[PDB]
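Written below as structure tokens is the structure these notes are about.
Neighbour counts run over all protein chains shown; Cβ positions are idealised from the backbone, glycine included. Just so you know, all these numbers are worked out from the coordinates, no wet-lab data involved.
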Amino acid sequence: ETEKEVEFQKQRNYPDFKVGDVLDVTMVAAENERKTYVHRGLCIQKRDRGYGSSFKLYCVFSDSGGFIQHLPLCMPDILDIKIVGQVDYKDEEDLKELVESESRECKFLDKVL
Amino acid sequence: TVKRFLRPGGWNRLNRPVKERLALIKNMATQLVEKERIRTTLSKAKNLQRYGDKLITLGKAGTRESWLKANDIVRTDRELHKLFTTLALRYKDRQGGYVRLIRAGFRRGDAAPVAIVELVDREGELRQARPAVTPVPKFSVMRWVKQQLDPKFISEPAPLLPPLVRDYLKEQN
Amino acid sequence: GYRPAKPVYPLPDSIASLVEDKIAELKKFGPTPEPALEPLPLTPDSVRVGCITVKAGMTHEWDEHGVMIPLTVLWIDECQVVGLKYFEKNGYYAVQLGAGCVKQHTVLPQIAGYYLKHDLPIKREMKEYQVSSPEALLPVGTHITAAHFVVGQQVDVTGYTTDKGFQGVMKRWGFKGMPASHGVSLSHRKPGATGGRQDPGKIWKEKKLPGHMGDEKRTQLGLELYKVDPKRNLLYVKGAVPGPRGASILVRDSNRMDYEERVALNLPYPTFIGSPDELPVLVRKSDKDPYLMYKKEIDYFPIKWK
Amino acid sequence: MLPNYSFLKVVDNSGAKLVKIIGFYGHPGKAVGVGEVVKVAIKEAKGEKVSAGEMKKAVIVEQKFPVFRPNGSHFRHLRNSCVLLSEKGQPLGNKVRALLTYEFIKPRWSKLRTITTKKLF
RNA sequence: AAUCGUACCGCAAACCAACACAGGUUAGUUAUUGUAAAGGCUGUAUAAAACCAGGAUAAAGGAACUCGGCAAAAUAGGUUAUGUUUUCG
RNA sequence: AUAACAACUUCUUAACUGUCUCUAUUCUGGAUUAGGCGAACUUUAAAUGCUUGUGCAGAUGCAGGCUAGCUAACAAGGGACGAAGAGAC
RNA sequence: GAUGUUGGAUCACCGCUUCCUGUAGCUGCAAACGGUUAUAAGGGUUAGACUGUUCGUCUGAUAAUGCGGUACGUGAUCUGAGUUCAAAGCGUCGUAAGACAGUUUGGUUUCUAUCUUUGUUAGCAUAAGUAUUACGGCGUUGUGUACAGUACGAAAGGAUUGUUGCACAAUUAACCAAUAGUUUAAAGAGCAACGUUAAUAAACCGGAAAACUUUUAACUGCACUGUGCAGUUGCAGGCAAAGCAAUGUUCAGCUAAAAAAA
Ligand SMILES: [K+]
Ligand SMILES: [K+]
Ligand SMILES: [K+]
Ligand SMILES: [K+]
Ligand SMILES: [K+]
Ligand SMILES: [K+]
Ligand SMILES: [Mg+2]
Ligand SMILES: [Mg+2]
Ligand SMILES: [Mg+2]
Ligand SMILES: [Mg+2]
Ligand SMILES: [Mg+2]
Ligand SMILES: [Mg+2]
Ligand SMILES: [Mg+2]
Ligand SMILES: [Mg+2]
Ligand SMILES: [Mg+2]
Ligand SMILES: [Mg+2]
Ligand SMILES: [Mg+2]
Ligand SMILES: [Mg+2]
Ligand SMILES: [Mg+2]
Ligand SMILES: [Mg+2]
Ligand SMILES: [Mg+2]
Ligand SMILES: [Mg+2]
Ligand SMILES: [Mg+2]
Ligand SMILES: [Mg+2]
Ligand SMILES: [Mg+2]
């Protein structure tokens, strides 16, 4: 596991983000002929488990409602991650209530590129 | 060694609910410090040995946080004072293994197994324990190996006040 | 167990000498064959030997197409030929392989005796593989390493599964049970009926009931060999392997593969000759598109429009 | 993962609001998900194109159950919705207020890919 | 001013139920805001089967269960402009 | 006919849920392991296999075809026209 | 001096008089869809509304939704809605006590396994290991699509064939890197499926045993009611700055070691 983690770190350099931060993630869609898109959303869950690390990205749209994604951190499809803001919360219960009640999470209405 | 179970912490159930289980172990741990030798059943002895080792670790810490944790375990003020003052200095150099367990056969009525739990360095000890710090021969492979792997190996007991503290006091006064 | 021993009787003096002469003549054997290690041509009906490995655990990786692949890691500590069988003495040709290492004072003298007699280490496990011709025998002491296999082939794995203990019918055989409510009385997880009435009047053999579960021999066929590490004796195989960590696993060329496929792979035969230390790590290449269904209609769709 | 006899919300402008699954097609198993065509009964409609009590075909567009991708990631919605279809396989409306996902990049959903407002791809 | 009761048990292992019986047994008094003074009582040795009993949590669906919403769960509480029915309460 | 009332019978709506698709994990007690203590239903005699045929007409015990290590523990409940009450119809 | 009723739940063994998946003829068989006969019992034979029902009618799908025997299989495994005790109402009959063979509401379901049958496990009895062959168990499934708008046919319509290719479903076998659920003396633990991998076969699994080989013919034990693929620099205890059943380690317990000199 550590051998694979060393190789990955030489290829990518991501920031040390936390839960509650707003992120911009660049990904490649293998289904759509490997086209690049940029997603903006809130980080609601982060797991630090070595090579199996992952996080959850949350966003809300104008009419369709909430949308959640689970993304492995070491997946090659991800190209870049950046921190753009922060959303305050009190505890996990408060964060869960915010997710269920979609409001003030519409950073960008659609995906770029 | 002490068996590890599937419950939180891997402890014994001692045939009791968790609330009664904690009340019992705290009482026995207090008596172990007071008397330093107790005879009981094998299951209560195995749990007490592992719980007793972790209670001594708190005493060695000698911090406000450690005392708060211990103040919820020990039942008597006199036993708690002894833990932080007397036992803390006794086991300065000993790294683990402050309690020993020796089996002593079966009881008479219910034929349950029994054992004896005791501290490992004191007057009245059942056996003579190995020194807290192992001496190293001057012309042995062991000495060369420790230099290559751990330059900070401790070979003899250290004084209560190290030279750096002594030097500071001398300069101050 | 065994049946009670049968009685024996001394032979008459007019027949004892004749019997002993004939029995000795049949039990006299010629010199042991001396196998030679040399590459041989592969024929339409020619089986290779397997190997004995240890299960390490599971991990995952991403392939050239960006797909996640679950993997199981197998380690080959030390596998050697420890004996031979031939027609003259046993009636068929086979190769015996052993793996592992144990201390002399932890095994019976019967087991340790065989290995000491031929100057071999005492090995923890022993298994036999049958060969087709005397020329397929390997010299005693030959090492079977990870280079025995070609990356990208299919293999079969065998082993003993994880012990689960005493279990009921619902978990052991998947019985449905009975309702949780509506008047049921103390029979929620019970098997129910086990027969009829006077006819047939008995319970059939192998009727499914509660019992012990989890320690049995199982085989998986057609697993793919993903990566090979000859220097460190590691095999990465896609899929699940029976047994817990540390289980002994037998690895073999899959019987699902045809002769043409074996020829294309150019499998070593009788085995790999050389030093596996100076070999690189290889990953198989798949000339397939996992995302083809998004460009072409290949998926399953039951409805026909219009 | 929607078992039979589940309720769905209509996200087209044909007039229907609430439908109930009453059947499957082919052999999908015990549950159906995004991209499958089912048979539904209209429970609440306000329009002339459709009325309550009719039976129509529909396609699942969103679900709350995880949808897995070959790369190890997945996503989830916060509602279950569908779009009504005609016997020829075309939508009964002209505006869909839903987020189209990768399932509809396939050639057979060209019409849906044109009338949908927001797309994830 | 004589005479009879005064020990001990009395929601109970001592009274009524063949028992040291999860049942039955009258009146008088006492502490306590979200708590609770006095007094009273106390369990052979373990644990990582099936199964049974009494609890807890549960993805997506929500009566598709079944003779029957049996059992379980559920914002359950208070004040209302307006309307309906009354034997006018 | 009828307002109110109903641990009465019937149907429906809202909501809710392991009733169900389809179950999984877990806590407490019993079972299960060890020491001590110590019952009951039942019992013509027993060293008590399968199958077809036969027969007071559905065989562990009779006839043909088969069946060969020994005694138990834990678990299930087909048969012994299984046990209980001199059939109520 | 007692062989528990109808239907269902749960789990089954057998027959073929074959509903589907097969093989071979005939046809008032161009193709497609059919009709009929012979042969074939390996696998499969759906989810719901009404009704106590068997049955029956209907709805959406399906390759298809076959029949019968087994105490009209199955209550010392479950259910009690109907029928078949004591209460009561209505109609009809009887002067009445009452009757219905009509209808309606309500109404107690016991058993700790001795023998035989069956699933697992230990001890004892001829040392241990490898084991050809034999014997026993299991049963090699189904749908859509592409090769083709091609053969056939005026048009319309629309195939056969395959140790075929691909996707999916059921069944069976396991698996825990990831994903979902679950335990506060908590967790990158363990067990799990709603998750992952594999199978359409002379393949796979179980016990006895010839022969061969080895031995001074072998024989407890790590707290051992999870596993020991761990037996003395052995270890899932303790201790550390550590990924926490891993790495490091001077302590604890089981089991303490050495001729001097040249
Ligand atoms: K500690
Ligand atoms: K059988
Ligand atoms: K595996
Ligand atoms: K009432
Ligand atoms: K029985
Ligand atoms: K047929
Ligand atoms: Mg169930
Ligand atoms: Mg009862
Ligand atoms: Mg129950
Ligand atoms: Mg739920
Ligand atoms: Mg219903
Ligand atoms: Mg007990
Ligand atoms: Mg007979
Ligand atoms: Mg007989
Ligand atoms: Mg009589
Ligand atoms: Mg026939
Ligand atoms: Mg029948
Ligand atoms: Mg019957
Ligand atoms: Mg019965
Ligand atoms: Mg009456
Ligand atoms: Mg009358
Ligand atoms: Mg009259
Ligand atoms: Mg009642
Ligand atoms: Mg595991
Ligand atoms: Mg530890």
Out of C:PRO200, C:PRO210, sole residue that is more than 30 Å from C:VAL155 (Cβ to Cβ), loosely packed, with under 13 Cβ neighbours inside 10 Å and either of a type in the set (A, V, I, L, M) or away from ligand 3 (no atom under 14 Å from the Cβ) (or both): C:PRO200
Looking only at residues in the range B:3-47 that are part of a loop (DSSP other than H, G, I, E, B) and either charged (D, E, K, R) or touching a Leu at 6+ places or on another chain (Cβ under 9 Å) (or both), which one is farthest from ligand 1 (Cβ to nearest atom)? B:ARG16
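I'd like to check which strands (runs of 3 or more DSSP E) are fully inside the range C:123-226 and have at least 1 residues that are within 14 Å of another protein chain (Cβ to nearest Cβ), within 16 Å of RNA strand F (Cβ to nearest atom) and over 30 Å from C:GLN104 (Cα atoms). Write out each step before concluding.
Values: elements: C:125-130, C:154-160, C:165-167, C:211-213.
Hits in the range C:123-226: C:165-167.
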Would you check if there is a residue in the range C:249-264 being buried (at least 16 other Cβ atoms within 10 Å of the Cβ), outside any loop (DSSP other than H, G, I, E, B) and aromatic (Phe, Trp, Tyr)? no
So which strands (runs of 3 or more DSSP E) stay within the range D:4-82 end to end and still have 1 or more residues that are more than 14 Å from chain C (Cβ to nearest Cβ) and more than 27 Å from D:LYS119 (Cβ to Cβ)? D:16-23, D:37-45, D:55-62
Return the pair list, or none, for Cβ contacts closer than 8 Å from residues in the range C:253-274 that are away from ligand 1 (no atom under 16 Å from the Cβ) to residues that are assigned to a loop (DSSP other than H, G, I, E, B) and hydroxyl-bearing (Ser, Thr, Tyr), at least 6 apart or on different chains. C:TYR269/C:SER46; C:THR271/C:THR142; C:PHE272/C:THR145
Residues satisfying the stated conditions in the range D:86-107, i.e. under 13 Å from D:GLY35 (Cα atoms) and either more than 7 Å from every other protein chain (Cβ to nearest Cβ) or not in a loop (DSSP other than H, G, I, E, B) (or both): D:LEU100, D:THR101, D:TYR102, D:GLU103, D:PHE104, D:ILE105, D:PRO107
Do we have any residue at all in the range C:46-58 that's within 10 Å of RNA strand G (Cβ to nearest atom), outside any helix (DSSP H, G or I) and either among the β-branched types (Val, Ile, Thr) or within 14 Å of chain D (Cβ to nearest Cβ) (or both)? yes
It is to be established whether one or more residues within the range C:149-159 are under 16 Å from the mean Cα position of the chain (by Cα), polar (S, T, N, Q) and either more than 7 Å from RNA strand G (Cβ to nearest atom) or surrounded by 16 or more Cβ atoms within 10 Å (Cβ to Cβ) (or both). yes
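Residues checked against (1) facing another protein chain (nearest Cβ under 10 Å); (2) of a type outside the set (D, E, K, R); (3) over 23 Å from C:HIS65 (Cβ atoms):
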site: A:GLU1; (1), (2), (3): yes, no, no
site: A:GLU7; (1), (2), (3): no, no, no
site: A:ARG12; (1), (2), (3): no, no, no
site: A:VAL25; (1), (2), (3): no, yes, no
site: A:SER53; (1), (2), (3): no, yes, no
site: A:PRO72; (1), (2), (3): yes, yes, no
site: A:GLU97; (1), (2), (3): no, no, yes
Quick check, is C:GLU64 under 20 Å from C:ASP229 (Cβ atoms), out of contact with any helix residue (DSSP H, G or I) (no Cβ under 9 Å at 6 or more places or on another chain) and either assigned to a loop (DSSP other than H, G, I, E, B) or small (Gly, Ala, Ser) (or both)? yes
Of the candidates C:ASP289, C:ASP299, C:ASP277, the one satisfying the condition of being within 14 Å of chain D (Cβ to nearest Cβ) and touching a residue at least 24 places away in the same chain (Cβ under 8 Å) is C:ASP289
All but one of (1) surrounded by 11 or more Cβ atoms within 10 Å (Cβ to Cβ); (2) more than 15 Å from ligand 9 (Cβ to nearest atom) hold for C:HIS188; state the number of the condition that does not hold. (2)
Provide a single number: the residues in the range B:48-77 that are more than 18 Å from B:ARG37 (Cβ to Cβ) and near RNA strand G (Cβ under 9 Å from one of its atoms). 5
